[PDB]
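Residue numbers (the authors' numbering), protein chains in the order written: chain F, 298 to 442; chain C, 12 to 210, 212 to 221, 228 to 327, 339 to 600; chain G, 4 to 908; chain I, 36 to 180.
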Amino acid sequence: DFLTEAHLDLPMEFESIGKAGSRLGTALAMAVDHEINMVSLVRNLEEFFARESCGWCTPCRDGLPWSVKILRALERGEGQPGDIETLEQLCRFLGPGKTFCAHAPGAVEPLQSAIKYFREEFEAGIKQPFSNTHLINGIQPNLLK
Amino acid sequence: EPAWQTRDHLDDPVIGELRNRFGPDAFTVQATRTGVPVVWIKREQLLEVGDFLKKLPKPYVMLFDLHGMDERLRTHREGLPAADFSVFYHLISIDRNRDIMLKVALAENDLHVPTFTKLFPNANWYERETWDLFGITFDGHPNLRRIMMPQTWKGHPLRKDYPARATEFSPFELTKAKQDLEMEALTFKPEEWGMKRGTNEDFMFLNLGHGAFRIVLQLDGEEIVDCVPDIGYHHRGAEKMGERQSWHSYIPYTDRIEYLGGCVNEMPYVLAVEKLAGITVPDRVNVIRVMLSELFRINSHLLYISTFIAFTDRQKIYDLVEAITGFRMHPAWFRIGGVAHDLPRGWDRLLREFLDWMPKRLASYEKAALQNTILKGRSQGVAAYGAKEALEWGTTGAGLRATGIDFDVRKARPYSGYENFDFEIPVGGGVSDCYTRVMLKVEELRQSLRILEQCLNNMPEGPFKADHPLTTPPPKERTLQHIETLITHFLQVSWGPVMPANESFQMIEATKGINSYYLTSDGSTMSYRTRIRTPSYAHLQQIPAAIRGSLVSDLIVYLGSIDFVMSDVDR
Amino acid sequence: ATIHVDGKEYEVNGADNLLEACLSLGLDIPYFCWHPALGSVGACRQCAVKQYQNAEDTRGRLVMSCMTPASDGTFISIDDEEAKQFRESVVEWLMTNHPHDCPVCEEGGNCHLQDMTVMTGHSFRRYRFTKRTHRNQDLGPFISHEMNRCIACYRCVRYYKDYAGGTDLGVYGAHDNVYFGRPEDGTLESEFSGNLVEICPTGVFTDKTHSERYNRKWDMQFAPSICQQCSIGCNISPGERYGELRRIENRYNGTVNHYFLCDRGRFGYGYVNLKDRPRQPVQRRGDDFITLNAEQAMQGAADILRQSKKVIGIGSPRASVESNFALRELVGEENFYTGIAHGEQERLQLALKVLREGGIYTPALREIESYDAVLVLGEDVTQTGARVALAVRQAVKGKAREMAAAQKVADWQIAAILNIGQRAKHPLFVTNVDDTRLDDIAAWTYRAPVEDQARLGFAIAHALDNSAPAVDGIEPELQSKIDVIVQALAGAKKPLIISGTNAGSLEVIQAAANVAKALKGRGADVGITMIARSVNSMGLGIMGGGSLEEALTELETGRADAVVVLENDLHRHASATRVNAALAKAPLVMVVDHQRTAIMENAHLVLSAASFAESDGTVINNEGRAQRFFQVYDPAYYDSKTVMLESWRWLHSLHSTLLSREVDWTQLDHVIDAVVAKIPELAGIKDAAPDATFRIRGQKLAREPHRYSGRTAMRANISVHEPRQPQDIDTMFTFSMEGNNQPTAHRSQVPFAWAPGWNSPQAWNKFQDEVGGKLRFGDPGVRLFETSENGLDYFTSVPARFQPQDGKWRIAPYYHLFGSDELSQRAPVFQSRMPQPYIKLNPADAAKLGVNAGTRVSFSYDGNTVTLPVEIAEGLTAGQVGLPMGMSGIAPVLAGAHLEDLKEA
Amino acid sequence: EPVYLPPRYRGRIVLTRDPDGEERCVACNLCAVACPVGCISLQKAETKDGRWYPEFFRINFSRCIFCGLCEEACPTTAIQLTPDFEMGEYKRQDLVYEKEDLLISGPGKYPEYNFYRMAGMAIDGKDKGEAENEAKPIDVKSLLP
Ligand code: SF4
Ligand code: SF4
Ligand code: SF4
Ligand code: SF4
Ligand code: SF4
Ligand code: SF4
Ligand code: FES
Ligand SMILES: [Ca+2]
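Given below as structure tokens:
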């Protein structure tokens, strides 16, 4: 998980970082400066995690590319309503115990931490109205409210 | 807690009263989606329970329905007593505005129930039909003969081992049936019909020729002493078709019951299927369904008033319905979860042109009805009954409200958002003759035009199909574009939608009274049981008890005054 | 164990996983990657339930029900909102890349993915991005490949590799571009590749033969039948549409063929749909062929039979028990001859004597998978009884199963089992004239002539028990390998000896009986399996009768002047010149057959019999199991002039017209009662299936699904008036959907599996008592005989070793799953899969002949010189020449014969 | 005077073509199973390029109740009910309309829809990945991770 400047005073232990919403991990921390857009960073992370999937289990194999495509759309300014909630549901349903191994929980940890802290950049990615269906001429669409 | 939630209705006061009277172990309360407390009674306590319900402080006064069910192939019978067959009794209390369904379980080797003709006289025809179609005997019945099939019929067609489809035609049996129809007047035996004192010897037996049916008449000169109407000439086996079509593909058959109704007959079926499916439809669906049902009710009422005493008004309605649905008589347009299409661009223009042109026609109809002294001399005072006679015979609709009993389904038990529309219910005096019924139908025509004005004026914007996964079929543009919608459409039009196993019920105010669909799902893609209660059945059974001592012309006028069709009677 | 699902208490097996336990209770949990026969892996992540620590736990945790044991005091929720949400999410993630293909997909209406998409409640797409796509492969004539529809559930590779043992199907690639197929374009090599069309829950692997004449599942007319393509008797669901046989689906039988067929029985049904079949009785008058109806054909045949002095009847192992018995009644018991040769009959009756008198219990096909050691003697099991080869593979994997059970690893956790038992497997010892397809898992393979295989069997029996006759001249290295076999067979708890009549040696069967008797003498739980040649070979053996040679002798000597040939072409059991001369000598030949055979040119009357699709009957397994097969469709429903009756119906009416000069189209149960009255050893066939009066609460059993389409249009081009529904007086089934096919109905004959919400072959879970067990009220079929109380004696006729003599060439039989069977090789889709006619030679013999690989040599057998191209076989022994049995010009009766004048053409 | 029929009017049934001029029917048999009367009968054939089409197609119009459920069930919009009611016949056998009596030369009421532009199955003129919302097939031997 990403952590903020307020978390910088925590001792690098398993228990202290675990109580902060992250894991100590390999203890090799990486510093993100203010010039780095969080949506592009998380897009890079999810692109890595999606293409390093082994393909065995459905949530990682077919739910990390969905997050990658959403983050590419938000990075291009082509996001649509539903995208951030789809990212949050992908974070929820790729957690521990939902996938075969721990590649996908660790994959979606930066995503949920970035949506939790830097939600403004993700929300600024959304610019288009939602549409995944073209008009068929003789058929009147069912206008769901 | 939606309206379609499975309930047991243990908070109903009838359950506490029955428990305090008969003991807690006397009956089994079943959880259904019928909206009704369904209790299973022992066969030996059945007349006692019926007599107890008849004498409550707000008594159950009307036997709404009585029929059978073949429970042999029903697998999901959890929480139910062991039954090979069952007989259900739907009883309606109007003062309480409640109803109860008693169920009697029967083994295959002992198919006989005590009769209700000493409590509710419409049980006569109901028990005759239950005997004809299921083979269940009712002990004490005055004449338990076949009512739907001919008397020389082998087997009981609503049993689960009886094949639904048509057997091979034979000219052999055809010429036998022709030769017994030629010799029927020569060999008329007046106890194969329930008659008595057959040839006094001044009495004459004739047969008379809204559908074609026979009625045997017993005459003292020109006075009617007794009559029995011979029905079943219009029997189509619609309930059997309910057991042999998918839930989606049974809709045209629902149209062809009460053929003047159209969408009015469509409505209770899709409402009961949506109760089975756990579907709540949006407001645009509710308003579309109300608008189409009121258009067809206006059409049926205009035909009834024109018959009793025209072509332009029904033509305008038929063009509007043809533009919306693609068909005039049997639109087949209501769907499970919504309607088949959205409203066409230009529906409001046609409805506004129909509503701006109708009130002057209504004023003309009221002039031709309430100012016609020849009609006011020919019609009133003849074939008249009060509230007590209408309640005990299951009379609904214009006759019941013409007896002064303020009972309409659209107000007492609202459905499809009828409580959002402001409309009045006309109720007459204490006398239900031809004249009062006709003026009640005229006032209902006025109120239906009010409902149509409210449908036109504030029509909701939104979907014409529900968001539910069981909406059959799904919206066509998503079907043609999206693979999961294509999958749902594929399996919903081929194998059929799977309704989870439950029992549902919906009663509506049809054009001729109260029409109800009682649907039993065994968890499959077809109906396990489709019970259709139609008002023309109960209205036709009241004909012998209403013209005792009238003349044959008075019988003809009475037949004209009752709004009925033979498809509604026989289904 | 005790589990609580959504607050309801259930009693289950604690050794099962929660998915199979909950499916056995009728609860619906969506699943893709789990199969009852393949075990649990946890790939698809679809079967999520919510587990709680105890009764007073509310938060829970999503667990995967196929990887969770159904232990005692378990608390799960299927209908939890989070579990339902996650299962819908898994379906959604699968749907993100799935092609918009359902109208043009052969799996539609039969698709497990369609069913689970509907069941999870997912019908709204919110994915707007692109779908991944894949190129397709060419997998041969039987399987059609469409990788777009794949959901990466790994069932195909798990089945084809871990279960069927095939080697040319795999998974390639990575993250979301995983590809399931062959490493290159080409035909799938496994004999059980056809079961991929039912293992795969999507439309990736589909029946190409059915795709040629596709119809949806709701449009089929199904019947429960028995596969006719060898002796194993696998239960099938043949389904027809518009008067032609369309598909062979697997019919679940927890005792025989549970989930799987072989490719021969699945794809060699196409002889039924041939357009040159007899469809009407035809009488030869001069050079004219007069078409008759049933009545005048019976009258003319009866008059000719009455004016003749002796009438003989030649049956077949193709025909049912009822048909062979009807011929036996028509011609007389002493005049009835089995249509097989004398040597084939001798081997068949020895196999029957070993089965029903040897005192060793013969296992069912399912029970073969529980034996601890397997010795296969002479029988090429993969090419003649293929499902026995698959069951042998499972029994071989039993060792890894035992090793994993020793470490307290559950039986469904197949990956842990395969990891613990790395390459350890139960001992398998096969013998053949060359290499087999079981050599990859065989602990030892012996390539030798049939005499030397029999001698190895006799030596194994002598080393197991010294009372068995000894074999002299065993080489020290062969004696060491015999000692290896003896140490493996003696230490096994459950040894199994498999042999059969296809090896062409009586002594191989005697040696197998000797090994089984020696193992039984040591107290071992030994079983013996015999592979017969045809579908009703053991039934024809139990019925008995003279050989084909005796019938030809009667015809040639003139003692018989009328011959009735039932479902026999007579060229696969005798020489064609002798058969042709003997049938040309007879003044009446009457062939009751459903296929245009070569003996119909000499025939004076041809009765258009019905095949298994157009007829009812009983056939006897290779293990002695009587099984009923029911008629699929009425042949006369579309073509009104088709007179294609059951063979026993023809023969019973011919007998009645010979006796009392009136036709009598009887009923099937009358013929069955006649069989069980006249032949007491066939009395078990009465209980094979119930009679025609059997009802489920008063209604017959439905042959076609309840949503059957086209009722008032499928025959409208012939006549707009709808004909009468065909009447089935013979069986409890009706030729309509006005009937019962409920999964909870008290029957054992299920025409097809369908439940509301389960339109796929996964609907079989509803028809079973526990999933992967038996059918809910028992499997169909009945064993004719029990295990005898007393055994046989040791066979002391030990043959001498094979001596390769100059000029002669011992014909070594090679069998092919596609080509050795007669009717299946007539099916037009098999000619692509058929091997080319190749005569196999040793390198030494071919070098002596001056012949290399591919050049054509000519040899004369029975005065007939034929030419075949030479294939070099290293595994063959010198002095032997390899021939493919059952192909064109090579009768299976040549197995063991000698050859003359093998020279280059 | 001629009778006016609205565009939704449920009359004589036709099989239509796509904008390319080929018949829209893929012989999926959904219309036949959705027919409550069972008066549709057809058979699937395939072209050399793998295009599914009806080998024959027949409608028993003496049985047909003109309910429009087949058109509603068609997922290619091939089968349509057109505003035409003049179908009286001398013989009932002539009321069985074969494919030559049903296949019109145009798209009917739906002027643009093409099911084979949306299906993933490869036909002639549409290779793999050339349909709507479909990426090009990535070869499994690709150098990219
Ligand atoms: S979470 Fe692990 S097991 Fe699942 S696909 Fe990803 S890398 Fe493979
Ligand atoms: S595999 Fe199933 S869901 Fe996919 S296209 Fe075929 S029928 Fe449709
Ligand atoms: S090809 Fe079929 S069985 Fe194999 S992984 Fe894909 S969907 Fe599963
Ligand atoms: S093993 Fe034999 S009986 Fe079974 S499917 Fe194959 S050919 Fe048929
Ligand atoms: S309109 Fe209705 S009855 Fe006519 S072919 Fe179509 S589905 Fe069948
Ligand atoms: S539903 Fe449409 S595409 Fe499918 S078979 Fe019928 S007309 Fe053809
Ligand atoms: S069935 Fe359990 S995860 Fe696939
Ligand atoms: Ca038969």
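Positions of the beta carbon are idealized from the N, C-alpha and C atoms, including for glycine.
Problem - Contact list for the region 493-516 of chain C against chain F, Cβ threshold 8 Å - result: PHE493, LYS494, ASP496, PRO504, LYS505, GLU506, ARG507, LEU509, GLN510 and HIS511
Practice task
Report yes or no: is there a C-beta of chain I within less than 8 Å of the C-beta of C/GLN16?
Solution key: no
Practice task
Report yes if the C-beta distance between residue 916 of chain G and G/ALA329 is below 8 Å; otherwise report no.
Solution key: Only positions 4 to 908 of chain G appear in the structure, and residue 916 of chain G is not among them; the question remains open.
Exercise for the section: Return the residues of the region 416-440 of chain F that lie within a Cβ-Cβ distance of less than 8 Å from chain C, sorted by chain order. Expected result: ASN429, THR430, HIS431, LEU432, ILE433, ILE436, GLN437, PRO438, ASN439 and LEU440
Practice task
Use the C-beta contact count for C/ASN133: other C-beta atoms within 10 angstroms, 16 or more gives buried, fewer gives exposed.
Solution key: buried
Exercise for the section: Could you name the residues of the same chain whose beta carbon sits closer than 7 Å to that of C/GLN571, not counting the 5 residues immediately before and after it, in chain order? Expected result: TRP422 and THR424
Practice task
Say whether chain C places a C-beta atom closer than 8 Å to the C-beta of I/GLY103.
Solution key: yes
Exercise for the section: For ligand 1, enumerate in chain order all residues having a CB closer than 5 Å to any of its heavy atoms. Expected result: F/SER350, F/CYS351, F/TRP353, F/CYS354, F/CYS357, F/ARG358, F/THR396, F/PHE397, F/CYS398, F/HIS400 and F/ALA401
Problem - Residues near G/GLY169 by beta carbon distance below 6 Å, same chain, minus five either side - result: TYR163 and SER193
Practice task
Indicate whether at least one CB of chain G lies closer than 8 Å to the CB of C/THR298.
Solution key: no
Practice task
Return the first residue and the last residue of the beta strand (DSSP E) that C/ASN154 is part of.
Solution key: From DSSP, C/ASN154 is part of no beta strand (DSSP E); its letter is neither H nor E.
Problem - Residue-level contact to chain G via CB, F/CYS398, 8 Å cutoff - result: no
Exercise for the section: Can you give me the start and stop residues for the alpha helix (DSSP H) that G/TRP767 sits inside? Expected result: It is not in any alpha helix (DSSP H) - G/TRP767 carries neither H nor E in the DSSP assignment.
Handout entry: Any C-beta of chain I under 8 Å from that of C/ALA352
Key = yes
Handout entry: Touching by the beta-carbon criterion (3+ pairs, under 8 Å), the region 509-519 of chain C and the region 97-114 of chain G
Key = yes
Exercise for the section: Just grab the DSSP bridge partners of G/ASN20 for me. Expected result: G/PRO72
Practice task
Verify the CB distance criterion: does G/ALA408 have a CB-CB separation below 8 Å to chain I?
Solution key: no
Handout entry: chain G within 8 Å of F/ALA347, Cβ atoms only
Key = yes
Problem - Segment limits, alpha helix (DSSP H) that includes G/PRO846 - result: 846-852
Exercise for the section: Kindly list, in the order they appear in chain I, the residues whose Cβ is closer than 7 Å to that of C/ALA188. Expected result: Near C/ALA188 there are no residues of chain I at all, since even the closest Cβ is about 24 Å away, more than 7 Å.
Problem - Contact with chain F by G/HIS178, beta-carbon distance below 8 Å - result: yes
Handout entry: Where G/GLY885 falls: helix, strand or coil (DSSP)
Key = strand
Handout entry: Proximity winner among G/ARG267, G/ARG90 and G/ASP414, relative to G/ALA18 (alpha-carbon distances)
Key = G/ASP414
Exercise for the section: Compute the Euclidean distance between the alpha carbons of G/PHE805 and G/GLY885, then round it to the nearest angstrom. Expected result: 15 Å
Handout entry: Between the CA atoms of G/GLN834 and G/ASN624 - distance to the nearest angstrom
Key = 28 Å
Exercise for the section: Establish whether the CB of C/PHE180 and some CB of chain I are separated by less than 8 Å. Expected result: no
Practice task
Would you tell me roughly how many angstroms separate the C-alpha atoms of G/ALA297 and G/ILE235, rounded to the nearest one?
Solution key: 34 Å
Problem - CB contact below 8 Å: C/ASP377 versus chain F - result: no
Handout entry: Those runs of the alpha helix (DSSP H) which lie wholly inside the region 500-546 of chain G and span at least 4 residues
Key = 509-524 and 540-546
Problem - Nonlocal neighbours in the same chain, by C-beta distance under 8 Å from F/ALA324, ignoring five residues either side - result: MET309
Exercise for the section: Taking only beta carbons into account, state which residues of the region 141-166 of chain I come closer than 8 Å to chain F, listed in chain order. Expected result: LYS144, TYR145, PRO146, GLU147 and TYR148
Exercise for the section: Compute the distance between the beta-carbons of G/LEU467 and G/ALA451, then report whether it is under 8 Å. Expected result: no
Exercise for the section: Taking F/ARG348 as part of the alpha helix (DSSP H), name the residues at either end of that continuous run. Expected result: 335-348
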